[PDB]
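**Q** What follows is the file input-v1.cif, containing mmCIF, N, CA and C atoms:
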data_final
loop_
_atom_site.group_PDB
_atom_site.id
_atom_site.type_symbol
_atom_site.label_atom_id
_atom_site.label_comp_id
_atom_site.auth_asym_id
_atom_site.auth_seq_id
_atom_site.Cartn_x
_atom_site.Cartn_y
_atom_site.Cartn_z
ATOM 1 N N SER C 55 -3.246 -8.206 0.663
ATOM 2 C CA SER C 55 -3.252 -9.565 1.159
ATOM 3 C C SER C 55 -4.406 -9.787 2.130
ATOM 4 N N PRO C 56 -4.987 -10.973 2.144
ATOM 5 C CA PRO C 56 -5.922 -11.324 3.218
ATOM 6 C C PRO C 56 -5.175 -11.906 4.408
ATOM 7 N N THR C 57 -5.859 -12.208 5.511
ATOM 8 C CA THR C 57 -5.217 -12.825 6.666
ATOM 9 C C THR C 57 -6.123 -13.894 7.258
ATOM 10 N N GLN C 58 -5.632 -14.530 8.317
ATOM 11 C CA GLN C 58 -6.290 -15.696 8.878
ATOM 12 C C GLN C 58 -5.857 -15.867 10.326
ATOM 13 N N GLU C 59 -6.781 -16.354 11.144
ATOM 14 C CA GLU C 59 -6.577 -16.574 12.568
ATOM 15 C C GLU C 59 -6.387 -18.055 12.852
ATOM 16 N N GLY C 60 -5.683 -18.350 13.931
ATOM 17 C CA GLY C 60 -5.649 -19.689 14.485
ATOM 18 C C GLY C 60 -4.319 -20.383 14.249
ATOM 19 N N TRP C 61 -4.237 -21.593 14.799
ATOM 20 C CA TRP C 61 -3.049 -22.433 14.693
ATOM 21 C C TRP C 61 -3.144 -23.373 13.496
ATOM 22 N N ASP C 62 -4.188 -24.194 13.460
ATOM 23 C CA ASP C 62 -4.364 -25.187 12.410
ATOM 24 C C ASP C 62 -4.971 -24.515 11.188
ATOM 25 N N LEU C 63 -4.195 -24.427 10.113
ATOM 26 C CA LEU C 63 -4.622 -23.769 8.887
ATOM 27 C C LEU C 63 -4.729 -24.757 7.736
ATOM 28 N N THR C 64 -4.900 -26.037 8.051
ATOM 29 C CA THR C 64 -4.822 -27.075 7.036
ATOM 30 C C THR C 64 -5.886 -26.886 5.965
ATOM 31 N N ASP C 65 -5.456 -26.966 4.708
ATOM 32 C CA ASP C 65 -6.312 -26.833 3.534
ATOM 33 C C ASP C 65 -7.056 -25.506 3.501
ATOM 34 N N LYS C 66 -6.454 -24.446 4.035
ATOM 35 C CA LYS C 66 -7.068 -23.127 4.046
ATOM 36 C C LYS C 66 -6.114 -22.066 3.518
ATOM 37 N N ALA C 67 -5.120 -22.472 2.737
ATOM 38 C CA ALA C 67 -4.224 -21.519 2.106
ATOM 39 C C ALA C 67 -4.908 -20.854 0.922
ATOM 40 N N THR C 68 -4.681 -19.556 0.766
ATOM 41 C CA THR C 68 -5.293 -18.792 -0.305
ATOM 42 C C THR C 68 -4.355 -18.721 -1.503
ATOM 43 N N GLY C 69 -4.874 -18.189 -2.607
ATOM 44 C CA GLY C 69 -4.087 -17.893 -3.780
ATOM 45 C C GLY C 69 -3.688 -16.429 -3.835
ATOM 46 N N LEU C 70 -2.965 -16.096 -4.899
ATOM 47 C CA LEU C 70 -2.480 -14.741 -5.118
ATOM 48 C C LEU C 70 -3.352 -14.031 -6.140
ATOM 49 N N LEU C 71 -3.450 -12.711 -6.007
ATOM 50 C CA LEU C 71 -4.177 -11.881 -6.962
ATOM 51 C C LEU C 71 -3.473 -10.542 -7.082
ATOM 52 N N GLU C 72 -3.037 -10.206 -8.289
ATOM 53 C CA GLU C 72 -2.380 -8.937 -8.568
ATOM 54 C C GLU C 72 -3.088 -8.262 -9.732
ATOM 55 N N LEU C 73 -3.555 -7.039 -9.514
ATOM 56 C CA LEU C 73 -4.337 -6.298 -10.492
ATOM 57 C C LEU C 73 -3.454 -5.302 -11.237
ATOM 58 N N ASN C 74 -3.974 -4.789 -12.353
ATOM 59 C CA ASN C 74 -3.179 -3.974 -13.262
ATOM 60 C C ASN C 74 -4.005 -2.835 -13.832
ATOM 61 N N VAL C 75 -3.300 -1.880 -14.432
ATOM 62 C CA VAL C 75 -3.881 -0.698 -15.060
ATOM 63 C C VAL C 75 -3.130 -0.428 -16.356
ATOM 64 N N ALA C 76 -3.855 -0.031 -17.397
ATOM 65 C CA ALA C 76 -3.258 0.244 -18.696
ATOM 66 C C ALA C 76 -3.068 1.740 -18.911
ATOM 67 N N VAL C 77 -1.982 2.102 -19.592
ATOM 68 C CA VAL C 77 -1.747 3.469 -20.044
ATOM 69 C C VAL C 77 -1.558 3.452 -21.555
ATOM 70 N N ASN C 78 -2.252 4.349 -22.254
ATOM 71 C CA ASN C 78 -2.177 4.406 -23.709
ATOM 72 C C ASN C 78 -1.828 5.803 -24.196
ATOM 73 N N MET C 79 -1.887 6.020 -25.510
ATOM 74 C CA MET C 79 -1.509 7.293 -26.109
ATOM 75 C C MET C 79 -2.451 7.643 -27.249
ATOM 76 N N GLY C 80 -2.491 8.937 -27.574
ATOM 77 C CA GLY C 80 -3.367 9.466 -28.582
ATOM 78 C C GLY C 80 -2.655 9.794 -29.876
ATOM 79 N N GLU C 81 -3.073 10.893 -30.488
ATOM 80 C CA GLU C 81 -2.533 11.306 -31.770
ATOM 81 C C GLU C 81 -1.530 12.439 -31.599
ATOM 82 N N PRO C 82 -0.550 12.533 -32.491
ATOM 83 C CA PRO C 82 0.445 13.598 -32.378
ATOM 84 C C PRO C 82 -0.161 14.974 -32.579
ATOM 85 N N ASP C 83 0.463 15.953 -31.940
ATOM 86 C CA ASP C 83 0.111 17.359 -32.067
ATOM 87 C C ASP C 83 1.161 18.019 -32.947
ATOM 88 N N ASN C 84 0.718 18.766 -33.949
ATOM 89 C CA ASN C 84 1.610 19.304 -34.964
ATOM 90 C C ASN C 84 1.382 20.792 -35.146
ATOM 91 N N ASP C 85 2.448 21.487 -35.533
ATOM 92 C CA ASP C 85 2.356 22.741 -36.263
ATOM 93 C C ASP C 85 3.068 22.551 -37.591
ATOM 94 N N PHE C 86 2.393 22.895 -38.681
ATOM 95 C CA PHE C 86 2.841 22.513 -40.012
ATOM 96 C C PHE C 86 2.544 23.654 -40.968
ATOM 97 N N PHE C 87 3.591 24.294 -41.484
ATOM 98 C CA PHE C 87 3.415 25.427 -42.378
ATOM 99 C C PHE C 87 4.372 25.317 -43.556
ATOM 100 N N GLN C 88 4.016 26.011 -44.632
ATOM 101 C CA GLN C 88 4.761 26.011 -45.880
ATOM 102 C C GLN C 88 5.233 27.425 -46.172
ATOM 103 N N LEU C 89 6.376 27.537 -46.839
ATOM 104 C CA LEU C 89 6.964 28.840 -47.084
ATOM 105 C C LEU C 89 7.830 28.759 -48.331
ATOM 106 N N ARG C 90 7.716 29.762 -49.194
ATOM 107 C CA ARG C 90 8.518 29.795 -50.407
ATOM 108 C C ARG C 90 9.896 30.373 -50.112
ATOM 109 N N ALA C 91 10.820 30.162 -51.048
ATOM 110 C CA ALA C 91 12.212 30.529 -50.812
ATOM 111 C C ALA C 91 12.374 32.028 -50.617
ATOM 112 N N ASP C 92 11.742 32.838 -51.468
ATOM 113 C CA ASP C 92 11.941 34.277 -51.369
ATOM 114 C C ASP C 92 11.372 34.851 -50.083
ATOM 115 N N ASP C 93 10.445 34.149 -49.436
ATOM 116 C CA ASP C 93 9.936 34.592 -48.148
ATOM 117 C C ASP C 93 10.944 34.430 -47.023
ATOM 118 N N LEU C 94 12.068 33.763 -47.261
ATOM 119 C CA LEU C 94 13.075 33.551 -46.234
ATOM 120 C C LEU C 94 14.179 34.593 -46.273
ATOM 121 N N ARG C 95 14.060 35.603 -47.132
ATOM 122 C CA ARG C 95 15.035 36.685 -47.126
ATOM 123 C C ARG C 95 15.039 37.397 -45.781
ATOM 124 N N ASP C 96 13.861 37.601 -45.203
ATOM 125 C CA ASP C 96 13.699 38.088 -43.839
ATOM 126 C C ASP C 96 13.231 36.914 -42.988
ATOM 127 N N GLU C 97 13.980 36.595 -41.938
ATOM 128 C CA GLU C 97 13.758 35.358 -41.202
ATOM 129 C C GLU C 97 13.024 35.556 -39.879
ATOM 130 N N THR C 98 12.553 36.769 -39.581
ATOM 131 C CA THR C 98 11.919 37.003 -38.286
ATOM 132 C C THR C 98 10.595 36.264 -38.166
ATOM 133 N N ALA C 99 9.778 36.290 -39.220
ATOM 134 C CA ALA C 99 8.473 35.645 -39.159
ATOM 135 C C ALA C 99 8.608 34.147 -38.932
ATOM 136 N N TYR C 100 9.565 33.522 -39.612
ATOM 137 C CA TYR C 100 9.793 32.090 -39.473
ATOM 138 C C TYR C 100 10.169 31.727 -38.037
ATOM 139 N N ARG C 101 11.135 32.444 -37.463
ATOM 140 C CA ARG C 101 11.565 32.156 -36.098
ATOM 141 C C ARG C 101 10.458 32.419 -35.086
ATOM 142 N N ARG C 102 9.715 33.510 -35.261
ATOM 143 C CA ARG C 102 8.632 33.812 -34.334
ATOM 144 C C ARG C 102 7.528 32.771 -34.421
ATOM 145 N N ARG C 103 7.262 32.262 -35.623
ATOM 146 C CA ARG C 103 6.311 31.171 -35.763
ATOM 147 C C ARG C 103 6.783 29.934 -35.017
ATOM 148 N N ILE C 104 8.083 29.645 -35.066
ATOM 149 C CA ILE C 104 8.592 28.483 -34.337
ATOM 150 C C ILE C 104 8.373 28.653 -32.835
ATOM 151 N N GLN C 105 8.716 29.830 -32.307
ATOM 152 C CA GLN C 105 8.568 30.065 -30.869
ATOM 153 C C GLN C 105 7.109 29.982 -30.436
ATOM 154 N N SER C 106 6.220 30.606 -31.205
ATOM 155 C CA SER C 106 4.812 30.557 -30.851
ATOM 156 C C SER C 106 4.269 29.143 -30.953
ATOM 157 N N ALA C 107 4.787 28.339 -31.886
ATOM 158 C CA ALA C 107 4.380 26.942 -31.961
ATOM 159 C C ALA C 107 4.760 26.191 -30.699
ATOM 160 N N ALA C 108 5.968 26.432 -30.195
ATOM 161 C CA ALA C 108 6.376 25.779 -28.957
ATOM 162 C C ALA C 108 5.424 26.132 -27.821
ATOM 163 N N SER L 55 -7.514 1.210 51.268
ATOM 164 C CA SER L 55 -7.761 0.877 52.655
ATOM 165 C C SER L 55 -9.059 1.494 53.149
ATOM 166 N N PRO L 56 -9.766 0.819 54.044
ATOM 167 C CA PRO L 56 -10.876 1.463 54.743
ATOM 168 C C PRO L 56 -10.369 2.410 55.820
ATOM 169 N N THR L 57 -11.247 3.321 56.212
ATOM 170 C CA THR L 57 -10.978 4.240 57.301
ATOM 171 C C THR L 57 -12.136 4.164 58.280
ATOM 172 N N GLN L 58 -11.815 4.301 59.561
ATOM 173 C CA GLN L 58 -12.770 4.051 60.621
ATOM 174 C C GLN L 58 -12.679 5.173 61.645
ATOM 175 N N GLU L 59 -13.784 5.414 62.340
ATOM 176 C CA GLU L 59 -13.931 6.565 63.217
ATOM 177 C C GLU L 59 -14.144 6.117 64.654
ATOM 178 N N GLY L 60 -13.655 6.909 65.594
ATOM 179 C CA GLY L 60 -13.924 6.699 66.999
ATOM 180 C C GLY L 60 -12.676 6.333 67.767
ATOM 181 N N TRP L 61 -12.878 6.020 69.045
ATOM 182 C CA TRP L 61 -11.806 5.628 69.949
ATOM 183 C C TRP L 61 -11.753 4.129 70.188
ATOM 184 N N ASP L 62 -12.902 3.495 70.421
ATOM 185 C CA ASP L 62 -12.941 2.107 70.863
ATOM 186 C C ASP L 62 -12.336 1.146 69.855
ATOM 187 N N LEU L 63 -12.983 1.000 68.704
ATOM 188 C CA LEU L 63 -12.517 0.138 67.622
ATOM 189 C C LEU L 63 -12.371 -1.316 68.044
ATOM 190 N N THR L 64 -12.906 -1.691 69.198
ATOM 191 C CA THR L 64 -12.755 -3.051 69.688
ATOM 192 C C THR L 64 -13.650 -3.991 68.893
ATOM 193 N N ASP L 65 -13.077 -5.116 68.463
ATOM 194 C CA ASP L 65 -13.739 -6.126 67.643
ATOM 195 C C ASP L 65 -14.109 -5.609 66.264
ATOM 196 N N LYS L 66 -13.431 -4.565 65.792
ATOM 197 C CA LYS L 66 -13.728 -3.973 64.495
ATOM 198 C C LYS L 66 -12.497 -3.891 63.605
ATOM 199 N N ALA L 67 -11.461 -4.663 63.907
ATOM 200 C CA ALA L 67 -10.311 -4.726 63.023
ATOM 201 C C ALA L 67 -10.709 -5.382 61.715
ATOM 202 N N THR L 68 -10.200 -4.844 60.620
ATOM 203 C CA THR L 68 -10.491 -5.365 59.300
ATOM 204 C C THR L 68 -9.384 -6.319 58.866
ATOM 205 N N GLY L 69 -9.481 -6.783 57.622
ATOM 206 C CA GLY L 69 -8.469 -7.613 57.019
ATOM 207 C C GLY L 69 -7.753 -6.904 55.885
ATOM 208 N N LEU L 70 -7.012 -7.690 55.118
ATOM 209 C CA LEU L 70 -6.290 -7.185 53.964
ATOM 210 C C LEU L 70 -6.891 -7.774 52.702
ATOM 211 N N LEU L 71 -6.951 -6.971 51.648
ATOM 212 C CA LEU L 71 -7.521 -7.417 50.385
ATOM 213 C C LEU L 71 -6.794 -6.727 49.245
ATOM 214 N N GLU L 72 -6.159 -7.517 48.387
ATOM 215 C CA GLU L 72 -5.502 -7.017 47.191
ATOM 216 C C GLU L 72 -6.074 -7.733 45.978
ATOM 217 N N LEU L 73 -6.540 -6.959 45.005
ATOM 218 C CA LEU L 73 -7.212 -7.475 43.822
ATOM 219 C C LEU L 73 -6.213 -7.714 42.698
ATOM 220 N N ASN L 74 -6.656 -8.453 41.685
ATOM 221 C CA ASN L 74 -5.784 -8.886 40.604
ATOM 222 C C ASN L 74 -6.465 -8.707 39.257
ATOM 223 N N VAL L 75 -5.643 -8.569 38.224
ATOM 224 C CA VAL L 75 -6.078 -8.497 36.836
ATOM 225 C C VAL L 75 -5.227 -9.468 36.036
ATOM 226 N N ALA L 76 -5.855 -10.185 35.110
ATOM 227 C CA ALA L 76 -5.187 -11.215 34.329
ATOM 228 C C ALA L 76 -5.021 -10.759 32.889
ATOM 229 N N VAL L 77 -3.810 -10.902 32.362
ATOM 230 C CA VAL L 77 -3.525 -10.658 30.954
ATOM 231 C C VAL L 77 -3.308 -11.997 30.273
ATOM 232 N N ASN L 78 -3.960 -12.194 29.134
ATOM 233 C CA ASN L 78 -3.843 -13.434 28.387
ATOM 234 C C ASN L 78 -3.470 -13.136 26.941
ATOM 235 N N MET L 79 -3.505 -14.174 26.117
ATOM 236 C CA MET L 79 -3.131 -14.107 24.713
ATOM 237 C C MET L 79 -4.345 -14.350 23.831
ATOM 238 N N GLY L 80 -4.142 -14.168 22.531
ATOM 239 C CA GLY L 80 -5.155 -14.490 21.548
ATOM 240 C C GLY L 80 -4.704 -15.593 20.614
ATOM 241 N N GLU L 81 -5.399 -15.765 19.505
ATOM 242 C CA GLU L 81 -4.992 -16.738 18.509
ATOM 243 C C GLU L 81 -3.929 -16.145 17.590
ATOM 244 N N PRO L 82 -3.056 -16.978 17.029
ATOM 245 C CA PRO L 82 -2.084 -16.465 16.059
ATOM 246 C C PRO L 82 -2.778 -15.954 14.807
ATOM 247 N N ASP L 83 -2.237 -14.882 14.248
ATOM 248 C CA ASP L 83 -2.749 -14.280 13.026
ATOM 249 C C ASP L 83 -1.794 -14.612 11.889
ATOM 250 N N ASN L 84 -2.345 -15.001 10.745
ATOM 251 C CA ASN L 84 -1.568 -15.622 9.685
ATOM 252 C C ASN L 84 -1.878 -15.001 8.335
ATOM 253 N N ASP L 85 -0.863 -14.963 7.478
ATOM 254 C CA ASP L 85 -1.055 -14.925 6.033
ATOM 255 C C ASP L 85 -0.533 -16.245 5.491
ATOM 256 N N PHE L 86 -1.391 -16.981 4.799
ATOM 257 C CA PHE L 86 -1.112 -18.354 4.412
ATOM 258 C C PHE L 86 -1.546 -18.538 2.969
ATOM 259 N N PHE L 87 -0.603 -18.872 2.095
ATOM 260 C CA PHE L 87 -0.931 -19.047 0.693
ATOM 261 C C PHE L 87 -0.149 -20.209 0.103
ATOM 262 N N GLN L 88 -0.645 -20.696 -1.029
ATOM 263 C CA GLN L 88 -0.075 -21.827 -1.742
ATOM 264 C C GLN L 88 0.220 -21.433 -3.179
ATOM 265 N N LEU L 89 1.338 -21.920 -3.702
ATOM 266 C CA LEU L 89 1.716 -21.666 -5.081
ATOM 267 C C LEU L 89 2.299 -22.929 -5.686
ATOM 268 N N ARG L 90 1.879 -23.252 -6.903
ATOM 269 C CA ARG L 90 2.522 -24.330 -7.632
ATOM 270 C C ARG L 90 3.869 -23.861 -8.165
ATOM 271 N N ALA L 91 4.742 -24.825 -8.449
ATOM 272 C CA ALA L 91 6.104 -24.478 -8.836
ATOM 273 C C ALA L 91 6.150 -23.752 -10.173
ATOM 274 N N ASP L 92 5.122 -23.905 -11.006
ATOM 275 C CA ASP L 92 5.098 -23.164 -12.259
ATOM 276 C C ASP L 92 4.892 -21.676 -12.019
ATOM 277 N N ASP L 93 4.282 -21.311 -10.892
ATOM 278 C CA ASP L 93 4.036 -19.913 -10.573
ATOM 279 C C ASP L 93 5.281 -19.182 -10.103
ATOM 280 N N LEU L 94 6.386 -19.884 -9.874
ATOM 281 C CA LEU L 94 7.593 -19.266 -9.347
ATOM 282 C C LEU L 94 8.662 -19.039 -10.403
ATOM 283 N N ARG L 95 8.335 -19.207 -11.681
ATOM 284 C CA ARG L 95 9.259 -18.765 -12.715
ATOM 285 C C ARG L 95 9.455 -17.258 -12.667
ATOM 286 N N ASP L 96 8.381 -16.510 -12.444
ATOM 287 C CA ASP L 96 8.430 -15.094 -12.105
ATOM 288 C C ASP L 96 7.981 -14.979 -10.656
ATOM 289 N N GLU L 97 8.876 -14.560 -9.773
ATOM 290 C CA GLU L 97 8.567 -14.523 -8.351
ATOM 291 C C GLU L 97 8.163 -13.143 -7.858
ATOM 292 N N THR L 98 7.928 -12.192 -8.760
ATOM 293 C CA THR L 98 7.625 -10.829 -8.338
ATOM 294 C C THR L 98 6.326 -10.766 -7.541
ATOM 295 N N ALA L 99 5.297 -11.472 -8.006
ATOM 296 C CA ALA L 99 4.027 -11.493 -7.292
ATOM 297 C C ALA L 99 4.187 -12.101 -5.907
ATOM 298 N N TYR L 100 5.056 -13.100 -5.779
ATOM 299 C CA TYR L 100 5.294 -13.738 -4.489
ATOM 300 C C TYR L 100 5.889 -12.751 -3.484
ATOM 301 N N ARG L 101 6.893 -11.982 -3.909
ATOM 302 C CA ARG L 101 7.497 -10.996 -3.020
ATOM 303 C C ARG L 101 6.525 -9.878 -2.675
ATOM 304 N N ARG L 102 5.754 -9.415 -3.655
ATOM 305 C CA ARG L 102 4.796 -8.361 -3.359
ATOM 306 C C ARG L 102 3.697 -8.857 -2.435
ATOM 307 N N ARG L 103 3.354 -10.140 -2.518
ATOM 308 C CA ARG L 103 2.415 -10.710 -1.565
ATOM 309 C C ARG L 103 3.014 -10.752 -0.167
ATOM 310 N N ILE L 104 4.306 -11.058 -0.056
ATOM 311 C CA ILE L 104 4.948 -11.027 1.258
ATOM 312 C C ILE L 104 4.866 -9.629 1.863
ATOM 313 N N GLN L 105 5.135 -8.609 1.049
ATOM 314 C CA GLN L 105 5.063 -7.236 1.543
ATOM 315 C C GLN L 105 3.644 -6.869 1.973
ATOM 316 N N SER L 106 2.653 -7.221 1.153
ATOM 317 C CA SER L 106 1.263 -7.000 1.534
ATOM 318 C C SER L 106 0.928 -7.692 2.844
ATOM 319 N N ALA L 107 1.460 -8.894 3.052
ATOM 320 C CA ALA L 107 1.177 -9.623 4.281
ATOM 321 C C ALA L 107 1.720 -8.885 5.491
ATOM 322 N N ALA L 108 2.937 -8.358 5.386
ATOM 323 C CA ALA L 108 3.475 -7.556 6.480
ATOM 324 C C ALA L 108 2.575 -6.360 6.778
#
What does the file become when written as structure tokens?
**A**
Amino acid sequence: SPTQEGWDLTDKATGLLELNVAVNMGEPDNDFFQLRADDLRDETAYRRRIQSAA
Amino acid sequence: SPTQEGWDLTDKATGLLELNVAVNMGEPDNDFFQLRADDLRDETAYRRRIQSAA
């Protein structure tokens, strides 16, 4: 806000001003892999890949 | 007080003197603004301006 001195303030009132800032977003981050059915007989690699992705 | 030396001191009596300091005021300090009634449909800027003024 601005300010002002004195008693008589006639025709010296100010207006308001409020400023702003924008926030935006980018592109998603992915881990994306493919796996055949027979490769899921042993599930350690799949789970470890999930943890390392996190 | 003054201080004086000797025995006689005749015709050398002093007077009394007390000094003064004056405190006064200044001009009033103001935040003064104008708004049309259409600007008060959303009054958030008005309240935030009041806070800024304080």
**Q** Enumerate, as a list in words, the residues matched when the PyMOL selection byres ((chain L and name CA) within 9 of (chain C and name CA)) is run on the file above.
**A**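 So the PyMOL selection byres ((chain L and name CA) within 9 of (chain C and name CA)), applied here, picks out residues 80, 81, 82, 83, 84, 85, 86, 87, 88, 89, 99, 100, 102, 103, 104, 105, 106, 107 and 108 of chain L.
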**Q** Can you give me the C-alpha RMSD, to one decimal in Å, for chain L fitted onto chain C with all Cα atoms paired in order?
**A**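 Rounded to one decimal, the C-alpha RMSD is 1.9 Å.
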**Q** Hey, what does DSSP flag as helix (DSSP H, G or I) within chain C? Can you give it to me as a PyMOL selection string?
**A** chain C and resi 91-94+98-107
**Q** For the residues in the current selection, export N, CA and C atoms as a PDB file, in the frame of the given file.
**A**
ATOM      1  N   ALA C  91      10.820  30.162 -51.048  1.00  0.00           N
ATOM      2  CA  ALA C  91      12.212  30.529 -50.812  1.00  0.00           C
ATOM      3  C   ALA C  91      12.374  32.028 -50.617  1.00  0.00           C
ATOM      4  N   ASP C  92      11.742  32.838 -51.468  1.00  0.00           N
ATOM      5  CA  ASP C  92      11.941  34.277 -51.369  1.00  0.00           C
ATOM      6  C   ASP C  92      11.372  34.851 -50.083  1.00  0.00           C
ATOM      7  N   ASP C  93      10.445  34.149 -49.436  1.00  0.00           N
ATOM      8  CA  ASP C  93       9.936  34.592 -48.148  1.00  0.00           C
ATOM      9  C   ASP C  93      10.944  34.430 -47.023  1.00  0.00           C
ATOM     10  N   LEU C  94      12.068  33.763 -47.261  1.00  0.00           N
ATOM     11  CA  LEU C  94      13.075  33.551 -46.234  1.00  0.00           C
ATOM     12  C   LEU C  94      14.179  34.593 -46.273  1.00  0.00           C
ATOM     13  N   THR C  98      12.553  36.769 -39.581  1.00  0.00           N
ATOM     14  CA  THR C  98      11.919  37.003 -38.286  1.00  0.00           C
ATOM     15  C   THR C  98      10.595  36.264 -38.166  1.00  0.00           C
ATOM     16  N   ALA C  99       9.778  36.290 -39.220  1.00  0.00           N
ATOM     17  CA  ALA C  99       8.473  35.645 -39.159  1.00  0.00           C
ATOM     18  C   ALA C  99       8.608  34.147 -38.932  1.00  0.00           C
ATOM     19  N   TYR C 100       9.565  33.522 -39.612  1.00  0.00           N
ATOM     20  CA  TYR C 100       9.793  32.090 -39.473  1.00  0.00           C
ATOM     21  C   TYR C 100      10.169  31.727 -38.037  1.00  0.00           C
ATOM     22  N   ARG C 101      11.135  32.444 -37.463  1.00  0.00           N
ATOM     23  CA  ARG C 101      11.565  32.156 -36.098  1.00  0.00           C
ATOM     24  C   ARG C 101      10.458  32.419 -35.086  1.00  0.00           C
ATOM     25  N   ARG C 102       9.715  33.510 -35.261  1.00  0.00           N
ATOM     26  CA  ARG C 102       8.632  33.812 -34.334  1.00  0.00           C
ATOM     27  C   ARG C 102       7.528  32.771 -34.421  1.00  0.00           C
ATOM     28  N   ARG C 103       7.262  32.262 -35.623  1.00  0.00           N
ATOM     29  CA  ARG C 103       6.311  31.171 -35.763  1.00  0.00           C
ATOM     30  C   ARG C 103       6.783  29.934 -35.017  1.00  0.00           C
ATOM     31  N   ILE C 104       8.083  29.645 -35.066  1.00  0.00           N
ATOM     32  CA  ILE C 104       8.592  28.483 -34.337  1.00  0.00           C
ATOM     33  C   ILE C 104       8.373  28.653 -32.835  1.00  0.00           C
ATOM     34  N   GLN C 105       8.716  29.830 -32.307  1.00  0.00           N
ATOM     35  CA  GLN C 105       8.568  30.065 -30.869  1.00  0.00           C
ATOM     36  C   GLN C 105       7.109  29.982 -30.436  1.00  0.00           C
ATOM     37  N   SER C 106       6.220  30.606 -31.205  1.00  0.00           N
ATOM     38  CA  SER C 106       4.812  30.557 -30.851  1.00  0.00           C
ATOM     39  C   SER C 106       4.269  29.143 -30.953  1.00  0.00           C
ATOM     40  N   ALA C 107       4.787  28.339 -31.886  1.00  0.00           N
ATOM     41  CA  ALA C 107       4.380  26.942 -31.961  1.00  0.00           C
ATOM     42  C   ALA C 107       4.760  26.191 -30.699  1.00  0.00           C
TER      43      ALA C 107
END
**Q** Only C-alpha atoms, as a PDB file, in the first residue's frame: that is what I want for segment 88-100 of chain L.
**A**
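As a result, part37.pdb now contains:
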ATOM      1  CA  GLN L  88     -11.458   4.876  -3.713  1.00  0.00           C
ATOM      2  CA  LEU L  89     -13.402   1.958  -5.156  1.00  0.00           C
ATOM      3  CA  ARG L  90     -16.467   1.822  -7.357  1.00  0.00           C
ATOM      4  CA  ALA L  91     -19.264  -0.452  -6.209  1.00  0.00           C
ATOM      5  CA  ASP L  92     -18.563  -2.886  -9.043  1.00  0.00           C
ATOM      6  CA  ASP L  93     -15.141  -3.533  -7.490  1.00  0.00           C
ATOM      7  CA  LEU L  94     -16.732  -4.874  -4.290  1.00  0.00           C
ATOM      8  CA  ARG L  95     -18.362  -7.975  -5.736  1.00  0.00           C
ATOM      9  CA  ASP L  96     -15.080  -9.645  -4.749  1.00  0.00           C
ATOM     10  CA  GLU L  97     -13.796  -7.853  -1.655  1.00  0.00           C
ATOM     11  CA  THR L  98     -10.577  -9.840  -1.183  1.00  0.00           C
ATOM     12  CA  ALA L  99      -8.381  -7.119  -2.684  1.00  0.00           C
ATOM     13  CA  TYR L 100     -10.068  -4.561  -0.424  1.00  0.00           C
TER      14      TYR L 100
END
